[PDB]
Structures are given as C-alpha cells and as structure tokens.
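Everything below concerns the one structure shown next.
FYI the Cβ positions are ideal-geometry reconstructions off the backbone, even for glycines, and counts take in every protein chain you see. Nothing in this text is a laboratory measurement; each read-out follows from the coordinates by a stated rule.
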Amino acid sequence: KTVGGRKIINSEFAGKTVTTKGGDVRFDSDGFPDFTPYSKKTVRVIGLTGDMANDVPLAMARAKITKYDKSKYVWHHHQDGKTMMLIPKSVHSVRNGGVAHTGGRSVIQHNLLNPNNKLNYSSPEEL
Amino acid sequence: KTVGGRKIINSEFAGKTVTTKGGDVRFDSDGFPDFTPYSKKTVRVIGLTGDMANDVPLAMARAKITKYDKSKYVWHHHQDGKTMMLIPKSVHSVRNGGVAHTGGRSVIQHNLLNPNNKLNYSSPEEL
Amino acid sequence: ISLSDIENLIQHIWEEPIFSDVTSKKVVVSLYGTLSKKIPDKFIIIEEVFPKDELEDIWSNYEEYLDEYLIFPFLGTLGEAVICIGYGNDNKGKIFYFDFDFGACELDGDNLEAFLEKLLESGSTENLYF
Amino acid sequence: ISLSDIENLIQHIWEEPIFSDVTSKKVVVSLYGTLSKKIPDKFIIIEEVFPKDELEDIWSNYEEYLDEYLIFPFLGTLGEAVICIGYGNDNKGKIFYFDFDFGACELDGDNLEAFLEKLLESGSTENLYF
C-alpha cells in the first residue's frame, strides 16, 4: 500500500471504518478513504496535475459554481486522478477532526513516474 | 519577446520569413514560427504539460494514428498551449536544416508561473 | 511539547495586519528548490491562521503525524497541506511545508520573517520567470 | 572547434550494441535535480545517434546556438531537445541537456559512461519513487 514509494497514510485501516468529527469514513481495499457519502460536488476533470491552485478552478468550472465556503469544505483529489470532490473538512482535514489520508495528488505524480505501470483506479459517479 | 524570462529564440525575425531546408517559414508578430503550411496533423489536446513523452501519446490519439515516421517528422507544441502539430524535421529541427525557435512547451510553463497574466495565443484550425 | 514555546515561535502571525493579510497571500514554490522537486504546486495558497486558543486541540490531532519531524503546523492552505515551524534543536524556527501525499520539506532555512517577506498576493500579476 | 576532439569524446556512442540500443532508451529526469526543476519532462526519449559523417553539417547548423555553452550535440530526442557533451576546460566530457525553450543543463557532472549506465529502456516497468 504505497504511492510514489511512500506508505499510504492510515493504510493500516484498509477495509475498515474510522470515526471522524463529521462521521464515519470507510477506507477501501487499497487504503484510500471513500468520501462519496459526504461529497457535495463530484466532478470529472481532464488535466489534473495535483497542483491545488491550478486544479481547483477546473473543478469549480465543472461544478458550475464560482465560490464555496472555505471554512467548511475542501477539494479532494480522488485516487482515479480524474475526479475532484468537495468534502467537509470535518471528515477530510486533520485540523478539523477529519482523518489523515493519501489522495489523488500522489497518484497523479506516481503515474507520471510510472507510465508503463500506472495505478488506474475506478471513478465515482459524478454529482 | 520573452517567455519565462527567456528571449524567444530567433524572435529578431518576427514578422519576417526565413528559409529552411524544407521551405520558407514565416515568423509571426510575437516571434513564433507559423508551421501551419507544413503540418500533417494539427490536433487540440486538453492537459498538455510540455513533457514530450506524456504529450505525444495524447496528440497521437487525437490524430487517430498509432505510428509516425520519426526520421521525417516531429511533434510541435503550438504557443496556444492547446494544440500539437506534426511537422517535417526539415523545417522544425536545427539538426535537419530547420529553424531554431521557441514553442508551446515554454508557454505552458510560463502560464503556470503567471496564472493571473497568462499568455493566451489563438489556435490554428484542426487538421 | 511546550505549547508556550510554540506560541513564542509563531506569536507574530496573530498580530495585525499580517494576521488578516496572510490569508490572501501565497507561497512561490519555485523560490524553494527542494520543495519544487517534491510537489507539483507552483503556489501554495494560504487559507487560515490557526488560532492560539485551538493549538492544543490541533496538536492533539496532528501530534501522531508530526512529532517525529519536530515541526508544528500553524497555517492551513487551499488543500490539506500545512505550513509548519520547527521546534527541535536542528530546525527551531525554520519554516516547513508538509502534506500527506509527499511529506515534509524545509523551506531552505527561512525563518518566519524571511518566509513572510517572500509571499505574494494571491491576485498578484507580478511577472515570474524560469 | 576540433571535430576530431569531439569524435574522441563521443566515439563509444557509435559502437555496437549501444549504438543500436540507445535509441530505445530514455533519461530518467528525476535523477538530475537541476534538470528536474528546469523542464517538465519526466523522461527524455532518445531518438537518434548523430552519425560521425554528419557532425560537420550538424555543427554548422548548431554552432551559433551552442558555441558559448561549449557543448556539442550528439543525441536527438523525441522533441527538439538534444543531449550534448562538454568540450570546454570546465565541462569537458560532461553530459548536458539542451533545448530552445528552457536552455542548457549539466547532468550533475555525469560523464558519458555514467549517463549511459543510468538510462532505462523506454518500455521499462521499473517502479520509480518520489
């Protein structure tokens, strides 16, 4: 359970459910949290790089919104490297009582270094 | 006539025409060569980075071809940062008698560093 | 950990105008060579100054992840990355970037003042070069 | 320039098997810190070994662009970038990357043998790490 040679954070909870301030978060068999029960926007984006400031405007455009409450939400890169999800900080962010985890920023960068053996994870349905 | 703080190569020929082994190449008002008379494939691609090995497969897929003659052609990044063009080396490549120039790889990277003042160049029609 | 010592390291971040100003500023990643090789972001957008009255609760959540690096988080950003300050003998007062995708990275020995001085307004049109 | 001296620097590139092998290999850019900060490419795909009987004509085309760097191009790549070798007193035998978008970059003092040893097959599935 690594990406880029780094241990997936909290991957020891793969297949298990953890509690956070905002509710229970299930970790899948690969060690990635499933934030689909909490997402307010789940949008496919072509050309994600893992650069937050570059990627968020692309997600916002696909989500058809120009602003969001930054005190309440944070954008999550799904491990598919193709989807951004607008998640409550209470489940996503350690600072707000959420669960530490590894996400799609790592996978995108891993795949650039491993072009003949990419990690190809399935995508959630858009919302 | 700079990109990323570097002088555009051969920008002193902006608005002029230069001879190459494969024919005359006009340089536009910004100092970029116009390779449209020579392109065998001109394709719009979302998510170009300037990484040749990453970007060429994307162009090939949009061009609907799986192989090209690498002894004869080279892929060019248009300064729009959105188009790849399959150009004869005889006009594109110094090693083959073509003309040295700056292209869209520089512009893409410049725009990542200058997100509030991007260089936004118009696109050629697809072929 | 000495939270009083942590407060002494970061207390200037709670003073005005910088307390209100800094959350419209951004880190220029390309100024930091090692960081620029570790993460894809060109800029780090600063989103929150962690308040003094929450540091104990924040550290109770971060301690298991950061105590071995001896860095303490004090700025939130657009993503989950945090800007941290060193509190060990080797790194005391030095500013770090940390995230759970790529790890920790010292910002080239900059202390808090040097780090703050190099920030740009998020809306800056300043021409930046390779 | 002494083309005879250039030939002495690069003559091993024309020997088999490496002459035919190298054009299925690629440079791992992340092994080279400065290069990795200068260009976006993760790998440089090697496409052509410049032949001895064309070096004079190739240099007649490249000299105006490269003589001040004192580097001489000997491999073509998937794009316009070229792999070059130093011929000045400071850089003699050292391998460089050059392109017209980002400039020249020394490959961390590697000579030809060190550069060749670190290449990967283009189709390699070797797991690479941050």
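For chain B, the normalised intensity computed at q = 0.12, 0.18, 0.21 Å⁻¹ comes to -0.42, -0.97, -1.30 (log10 of I(q)/I(0), Debye sum over alpha carbons, equal scatterers, no solvent). In nanometres and ascending order, the distances from the D:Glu113 label point to those of the other copies are 5.2 (point 7 Å from Cα along Cα→Cβ).
Within 10 Å of the Cβ of each residue in B:102-112, the mean number of Cβ atoms contributed by other protein chains is 5.
D for chain C, whole µm²/s, Stokes-Einstein with Kirkwood Rh over alpha-carbon pairs at 37 °C and 0.692 mPa s: what number?
220
Under the convention that each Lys and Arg Cβ holds +1 and each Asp and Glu Cβ holds -1, the size of the dipole of chain A around its Cα centre is about 360 debye.
At an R0 of 45 angstrom, the distance between the Cβ atoms of D:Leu116 and A:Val18 translates into a FRET efficiency of 0.40.
Nearest beta carbon of chain A to the A-to-B rotation axis, with distance in whole angstrom: A:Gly47, 2.
The distance separating the Cα centre of segment C:1-67 from that of segment D:100-130 comes to 36 Å. Backbone phi angles across segment A:49-63, fed through the Karplus curve with coefficients 6.51, -1.76 and 1.60 (θ = phi - 60°), yield HN-Hα couplings of 10, x, 6, 4, 5, 7, 7, 4, x, 5, 5, 4, 4, 5, 7 Hz in residue order; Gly and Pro are listed as x.
When shorter helices are ignored and each DSSP H run of at least 4 residues is given -39500 (n - 2.57), the per-residue value for the protein assembly as shown at 222 nm works out to -6500 deg cm²/dmol. Considering only A:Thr2, C:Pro73, C:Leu119, the residue lying farthest towards the positive end of the dipole of the protein assembly as shown is A:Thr2, judged by Cα position with unit charges set on Cβ.
Based on the reciprocal of the average 1/r between different C-alpha atoms, the Kirkwood radius for segment C:14-88 equals 13.4 Å.
With semi-axes defined as the square roots of five times the eigenvalues of the C-alpha gyration tensor, the equivalent ellipsoid of segment B:1-45 measures 20, 16, 8 Å, largest first.
Closest approach of a chain D Cβ to the axis relating D and C (residue, whole Å): D:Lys37, 3.
Charges were assigned to the Cβ only: +1 to each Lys and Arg, -1 to each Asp and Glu. The resulting dipole of the protein assembly as shown about its Cα centre is roughly 1980 debye.
To the nearest ten degrees, helix D:55-66 and the longest principal axis of the Cα atoms of chain D are 80 degrees apart.
The other copies place their B:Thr66 label points at 4.8 nm from this one, listed shortest first, where each point is 7 Å from Cα along Cα→Cβ.
According to the Cα gyration tensor, what semi-axes, each the square root of 5 times an eigenvalue, does the equivalent ellipsoid of the protein assembly as shown have, listed from largest to smallest in whole Å? Could the numbers behind the result be given before it?
Values: eigenvalues 384, 121, 106 Å².
Square roots of five times the eigenvalues give 44, 25, 23 Å.
For chain A, a Gaussian network of Cα nodes joined below 10 Å ranks A:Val18, A:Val91, A:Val56 by mean-square fluctuation, and the top entry is A:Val18. Each of B:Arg44, A:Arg95, A:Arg105 was scored by other Cβ atoms within 10 Å of its Cβ. Arranged with the fewest first, they read B:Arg44, A:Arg95, A:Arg105. Taking a 23 Å limit on the Cα-Cα distance, which of the listed pairs C:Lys26/C:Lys94; C:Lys118/D:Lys38; B:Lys67/B:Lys89; A:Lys82/C:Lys38; A:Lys72/B:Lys82; B:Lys7/C:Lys118 fall beyond it? Check vs 23 Å cut-off fails for A:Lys72/B:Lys82; B:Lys7/C:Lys118.
For chain B, the residue among B:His110, B:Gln79, B:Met60 whose Cα projects farthest onto the positive side of the dipole built from Cβ charges is B:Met60.
A label point on B:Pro37, set 7 Å along the Cα-to-Cβ line, lies at 6.6 nm from each of its counterparts in the other copies, closest listed first. Computed on chain B, with alpha-carbon pairs under 8 angstrom and 6+ residues apart, the relative contact order is 28 percent. For chain D, what does the relative contact order come out to in percent, with C-alpha contacts under 8 Å and a separation of six or more? About 23 percent, as a whole number.
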